[PDB]
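Protein chains in written order, with the entry's author numbering: chain W, 37 to 584; chain E, 37 to 584; chain Y, 436 to 535; chain L, 336 to 385; chain S, 187 to 286; chain Z, 87 to 136; chain U, 287 to 335.
These notes concern the structure reproduced below.
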Ligand SMILES: [Ca+2]
Ligand SMILES: [Ca+2]
Ligand SMILES: [Ca+2]
Ligand SMILES: [Ca+2]
Ligand SMILES: [Ca+2]
């Protein structure tokens, strides 16, 4: 079966308009994947330890020590928006749809090829490449998710984003249990804190092998491998944002006095003394009904401690947060808090011809308003008694623990039974699409890395590896290290991801926000005179939705 | 039937998604119409003559003399985009659809009311208003289009554009035949040109009466009038523009030399001597194949004489043109040529609280590129022979007729059997929707005022009038002028216009142009502190389409 | 005209009108094109100057060909370089059938 | 039968000048070749096409 | 269409041929004011760039399904049936002067 | 522009922009690809329309 | 997915560690600290907590 193709290249997105404003989006994606034989045909338990860094007082957050099992397999990950949609498809979906549903997923591997490299080491000297017609490509599909879930989008290692650029898979590796202790300190700390890696707890040791837990297929040139169709189990993802705050929920106060002339300084007037008003409040001990005092249904968003690192049995880790935000976009300098930052390279959006090893990055700033402005928070004594007196207020300016740069807001947490919150928004093109749910008895209410989380069923990971091409001399009983003919493989990948979307409706008199090409961004969507390209990030929930 | 309503108020737009990316758009529009009794219950033949103006040499274009028949009826016109869609509906249609089809139209008149005004002329003195329960509102629907077609959008006189603002109909009047002669002149002209109104040609006289040619209904409070549904006869209207010029049609030249470094001055190079190239040309006498010389299929757009006034039996009139345009938008100062200019008032888009009698206006600048840049035109002798010599070129700089401000381009016309052209684009909210076809044997290939032209069938005009409320003293045999109780009427109007649209597809890698609200235009879509409003114009064909 | 010694009114002249009778373009052997695609404008040309046949609605689709990338053992998607690939070329036979 | 159009007329739009197209050319007693010009197509080709 | 630049398949059944590199036009604004030999100063000759509202970047991968053919493979287009008027192979010689 | 910079050379304008793709086109839309001189003579001499 | 080690040990040994081999502020991945370029094992983004 050498001279016969086993598949088709398809990278088209189809919209199929059903009934009742629901369309079916079929995203096809094909790619040529390049794969070299493993640097080692063995599994390894490698420890990483950068104590030299953290040894410097004040650097706890630069902790990198961990342990991982390095396997001789590669992972073919296509779980990122950029792998399926191009800028033009995203604009259509994001501008005209109101919500998204993830439906199916299926892959395929065809037109496999295995070449060999011979050192034509003559003068120059040289190199020769030849087909190894009887060689094999090993393929394993972990349908039962026996293996550790390792989504590549987290480290910018998924398949590439351009239909016409060959891509590659990533070396697979997973974490191995270890104990580590790191006591925090600051520049003025004395003596040496405590920074040790304790080793492994035998009761938490799990060494996984693909050979032992997954059936492997050997594909020769004439072979093809096709995953069946996987049908997802999820909630819909919204493509519209909310802008309401507790301050904009409900019936506003009745203005007994309205302006009578156009004018920036012509305001309306409630026209009633603040302690002589009517309405409901939750401050049982005052007569002041204010817009900051009046009672609202519940609470949109919450407060959490910031740049808080917690520690458990294997080192410090940052305390997660859902969303960030602020008022008049002090943007960028605005950033920080809980706005995701993505760093990527030449294959996932960075300008293709860019030299150097510095990645490209961006901080995604969502349209939703469900965050907090710490500088505006404050706490005061129940007696109320305005104007508040210094000993009766704790402002986000007063120090804590004596530290000049720490407030109570840094320690603060206002999550409770009244917290209303939104799931995470899609991030094009670098964001991950779906995630696997934690196998704990009590699960997170949402995942900070993907808008879709398969509870029960999640697609299995696909592993690939070039089978060993040994030379006439091979001795299993020797330390050496098997020597094998330099072999590599190229195969085509093809996936199909199906969504179900709901067409949007116009509910207000005014137009709304839409994604569009303009004089300014115009050149982020076309190649240059050298064929250089780049894929700029874009927002998903542009279009307000009322919350209450 | 006095205390019982005869209709419902509905001003909602519905999109009903059928099969195969085709949606059905139902636009409902309701309004409260106010109507006074006619200033005269008689038809009048009035002549307008402003010779004082045109008597001033050089003012021919300010000619206003005409003759019209002034009728005692009013017209209820709803043929303008603003009567059916609000900014939010337009953005949805314009951003997500690719073409429009006009399907039905139907109207209705309900909840009629007729009041009377009594001069409570006591001290202040005063006024009293009372219901005249037995009074009638006369309604006539000209289904067979017997009457002259007089679309109100041409003079900004259609129903209003805000669902919550009472509107009014316009006094109906039509043109009457007359002969007029006006000889052109300029500031330095001597003697007096010739500016006379000759009167009427008896063989062209047509005096129309609604009473004699249309059946009239008399509606009392308890009555309602409902037009059946009219189904249009038309072609589809496109919501995408073309950008290609003759210069961008076909296979571009093969570049034998491509850039090798990113850089504004790094150009490609055909790399072949101009008179040593291959391809086809229509200049049978040269060997130069240039991008301006190479042969193209036909010709996109044409040239016509500009600010050309022609004259026939009733005075001068401007020579019409389809579209205008230019390169790097020298915009506005760009304008002129054939870009429509709309002047309107408080009821159709002008800021509602604006004082004074000066209207609001705009020049619609289309996205399509099918116009000409006269400054770049030139004509040269067949011998060719470059560089062209002065006596062998006529530049749009060389004078004509000796006039320092006139070129050949002003006289120029290049319309022919190879002219490719586009129909006119929709103009929101002031543009007219449909038009009636000329009853000539050879019709225009398009109308410059509306994207839809019903050839065979066009909806009939609806006329309204308050029936005469006479006093105890009425004498038909006397010159006087009938005296009648001051009566007026208020009734609700309700229309339903149905379209059929085709959802758009994304055909390119790059995103495209979309209408959107931004920091700059944000306040054109919301009322102010006094309730002032305005309706800003918007473009319809934003989204390129390839022509060839 | 315009004072120019080498320009007439005929150079500016246009007599196209409602009475113009005209013929379509003639076939040119062997260099002439056979058919052409119609312009997607609302008002089309009465004829095309480059081909005697113009498919209004339906026109054959274009056929594109390309030699798929034959990479060497060294390929790095994340690098500026420019992929290096084994020098490959192709020869295939084409066969068409046009019926009149 | 036939019509008159401006000759060696170049018009301009948003992307540069282009020659005004014409349907057919011609003349009486074939002053042929020197006759040419007007609207008679000229074809330039190579070794593979003639 | 390649015939416009003399780039179609060859004309001899017994001579190997080749296809032409595909390329298409992209939108751009350019201004060139005409002049003649005696013109003074410098006319105006500038390339303004691209209008974002007319930008269309086409990729075959994204809009057309691609087939991969190995030696043992073949590709066959179905039959396309044209939509056109007939083409005449006879000329007219009459002028207004020879009508009637 | 070096060319058109020379007053009187407007018609030698070549400036344009094009997207260069990595694909090739197989075009057979020309009379010579289908008929040889002998076939053309037969069609042209004995037929009246095509 | 743990970080990709650009440098692996070559001898058995308690002090023979692997090495990410990339400057901390020149790495790729996702973080929730919108205002820094440091992608660390204590900084990198995890699904939840
Ligand atoms: Ca233990
Ligand atoms: Ca906001
Ligand atoms: Ca007469
Ligand atoms: Ca343009
Ligand atoms: Ca523009």
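For every residue, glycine included, the Cβ atom is placed at its ideal position computed from N, Cα and C.
Beta-bridge partners of residue 235 of chain W, as assigned by DSSP: Within the first chain, the letter at position 199 stands for residue 235 of chain W. Per DSSP, W:215.
Where residue 117 of chain W sits in the DSSP three-state scheme: Mapped onto the first chain, residue 117 of chain W falls at position 81. Residue 117 of chain W: helix per DSSP, three-state reduction.
Minimum C-alpha distance to residue 266 of chain E - residue among E:103, E:143, E:159, E:211: Residue mapping note: residue 266 of chain E aligns to position 230 of the second chain, counting from 1. Closest by alpha carbon: E:143.
Own chain partners of residue 264 of chain W with C-beta closer than 8 Å, once the 5 adjacent residues on each side are dropped: Taking the first residue of the first chain as position 1, residue 264 of chain W is located at position 228. Result list for residue 264 of chain W: 142, in chain order.
Near ligand 1: residue 477 of chain W beta-carbon under 7 Å from a heavy atom: Taking the first chain and counting its residues from 1, the one referred to as residue 477 of chain W is at position 441. Residue 477 of chain W: no, Cβ never under 7 Å from ligand 1.
Local Cβ density within 10 Å of residue 558 of chain E, reported as buried at 16 or more and exposed below that: Locating residue 558 of chain E in the second chain gives position 522, where the first residue counts as 1. So residue 558 of chain E counts as exposed.
Alpha carbon of residue 498 of chain Y to alpha carbon of residue 195 of chain S, nearest angstrom: The residue you call residue 498 of chain Y lines up with position 63 of the third chain. The residue you call residue 195 of chain S lines up with position 9 of the fifth chain. Taking the straight line from one Cα to the other gives about 12 Å.
For residue 204 of chain S and residue 225 of chain S, the rounded distance between their alpha carbons: Position 39 of the fifth chain, counted from the start, is the residue given in the question as residue 225 of chain S. Position 18 of the fifth chain, counted from the start, is the residue given in the question as residue 204 of chain S. Their backbone Cα atoms lie some 47 Å apart in a straight line.
Which listed residue (E:391, E:381, E:446, E:439) has its alpha carbon closest to that of residue 410 of chain E: What you label residue 410 of chain E is simply residue 374 of the second chain in a count that begins at 1. Among E:391, E:381, E:446, E:439, the Cα nearest to that of residue 410 of chain E belongs to E:446.
Within chain S, partners of residue 94 of chain Z - CB distance below 7 Å: Mapped onto the sixth chain, residue 94 of chain Z falls at position 8. Simply 221, 222, 223.
Pairwise C-alpha distance: residue 339 of chain E and residue 253 of chain S: Taking the fifth chain and counting its residues from 1, one reaches residue 253 of chain S at position 67. Taking the second chain and counting its residues from 1, one reaches residue 339 of chain E at position 303. So the alpha carbons of these two residues sit roughly 47 Å apart.
Cβ-heavy atom distance, residue 305 of chain U to ligand 2, below 7 Å: Within the seventh chain, the letter at position 19 stands for residue 305 of chain U. Incorrect: residue 305 of chain U has no Cβ contact closer than 7 Å to ligand 2.
Simplified DSSP assignment, three categories, for residue 501 of chain Y: By one-based count along the third chain, residue 501 of chain Y stands at place 66. Coil.
CB contact below 8 Å: residue 316 of chain E versus chain A: No chain A appears in this structure, whose protein chains are W, E, Y, L, S, Z and U.
8 Å contact criterion, which residue 574 of chain W and residue 464 of chain W should meet: CB distance rounded: Here residue 574 of chain W refers to the residue found at position 538 of the first chain. Here residue 464 of chain W refers to the residue found at position 428 of the first chain. Confirmed, Cβ separation roughly 5 Å.
Given residue 88 of chain E as reference, the closest of E:100, E:79, E:82, E:77 once Cα atoms are compared: Stepping through the second chain from its first residue, residue 88 of chain E is reached at position 52. Taking only the C-alpha atoms, the option nearest residue 88 of chain E is E:100.
Reduced DSSP secondary structure (H/G/I, E/B, other) of residue 260 of chain S: To locate residue 260 of chain S, count along the fifth chain from 1; it is residue 74. The answer is coil: DSSP assigns residue 260 of chain S none of H, G, I, E or B.
Bridge-paired residues (DSSP) for residue 330 of chain E: Within the second chain, numbered from 1, the residue matching residue 330 of chain E stands at position 294. For residue 330 of chain E, which the question treats as bridged, DSSP gives the partners E:317.
Buried versus exposed call for residue 529 of chain W [16 or more other C-beta atoms within 10 Å across all chains shown]: Against the first chain, residue 529 of chain W aligns to sequence position 493. Under this definition residue 529 of chain W is a buried residue.
Enclosing beta strand (DSSP E) for residue 59 of chain E [first to last residue]: Within the second chain, residue 59 of chain E is the residue found at index 23, counting from 1. Element bounds for residue 59 of chain E: 58-72.
Start-to-end residues for the beta strand (DSSP E) that takes in residue 143 of chain E: Translated into positions along the second chain, residue 143 of chain E becomes position 107. Taken as a continuous stretch (DSSP letters only), the beta strand (DSSP E) holding residue 143 of chain E covers 133-154.
Short Cβ contact (8 Å threshold) for residue 43 of chain E with residue 147 of chain E: Here the question's residue 43 of chain E lines up with position 7 in the second chain. Here the question's residue 147 of chain E lines up with position 111 in the second chain. Yes.
Around ligand 1, Cβ to any heavy atom closer than 5 Å, ordered along the chain: W:237, W:239
Bridge-paired residues (DSSP) for residue 104 of chain E: As a position in the second chain, residue 104 of chain E is number 68, starting the count at 1. DSSP output for residue 104 of chain E lists E:82, E:211 as bridge partner(s).
Cβ neighbour criterion (16 or more within 10 Å) applied to residue 76 of chain W: Taking the first residue of the first chain as 1, we reach residue 76 of chain W at position 40. Residue 76 of chain W comes out exposed.
Any C-beta of chain Y under 8 Å from that of residue 466 of chain W: One-based indexing of the first chain puts residue 466 of chain W at position 430. Chain Y contact via Cβ: absent.
Any non-hydrogen atom of ligand 2 closer than 7 Å to residue 375 of chain W Cβ: Position 339 of the first chain holds residue 375 of chain W. Residue 375 of chain W: no, Cβ never under 7 Å from ligand 2.
Pocket of ligand 2 (residues with CB nearer than 6 Å to any heavy atom), chain order: W:279, W:405
Positions along the stretch 345-364 of chain L whose CB lies within less than 9 Å of some CB in chain E: 345, 346, 347, 348, 349, 350, 351, 352, 353, 354, 355, 356, 357, 358, 360
Range covered by the alpha helix (DSSP H) that runs through residue 87 of chain W: Start at 1 with the first residue of the first chain, and residue 87 of chain W comes out as number 51. Per DSSP, residue 87 of chain W belongs to the alpha helix (DSSP H) from 87-90.
Assigned secondary structure, residue 201 of chain W (DSSP; H/G/I helix, E/B strand, else coil): What you label residue 201 of chain W is simply residue 165 of the first chain in a count that begins at 1. Coil at residue 201 of chain W, not helix or strand.
Whole-number beta carbon distance between residue 540 of chain W and residue 172 of chain W, since they are thought to touch under 8 Å: To locate residue 172 of chain W, count along the first chain from 1; it is residue 136. To locate residue 540 of chain W, count along the first chain from 1; it is residue 504. Going by Cβ atoms, the distance from residue 172 of chain W to residue 540 of chain W rounds to 50 Å, so no, they are not a contact pair.
Residue 281 of chain E: CB within 7 Å of a non-hydrogen atom of ligand 4: By one-based count along the second chain, residue 281 of chain E stands at place 245. Residue 281 of chain E: no, Cβ never under 7 Å from ligand 4.
Secondary structure of residue 279 of chain S, DSSP reduced to three states: Residue numbering aside, residue 279 of chain S sits at position 93 when the fifth chain is read from its first letter. Here residue 279 of chain S sits in coil by DSSP.
Paired residues, beta bridge with residue 437 of chain Y - DSSP: Position 2 of the third chain, counted from the first residue, corresponds to residue 437 of chain Y. Answer is none; residue 437 of chain Y lacks a bridge partner.
Classification of residue 331 of chain W by the beta-carbon crowding that lies within 10 angstroms, buried from 16 upward: Within the first chain, numbered from 1, the residue matching residue 331 of chain W stands at position 295. Exposed: under 16 other Cβ atoms inside 10 Å.
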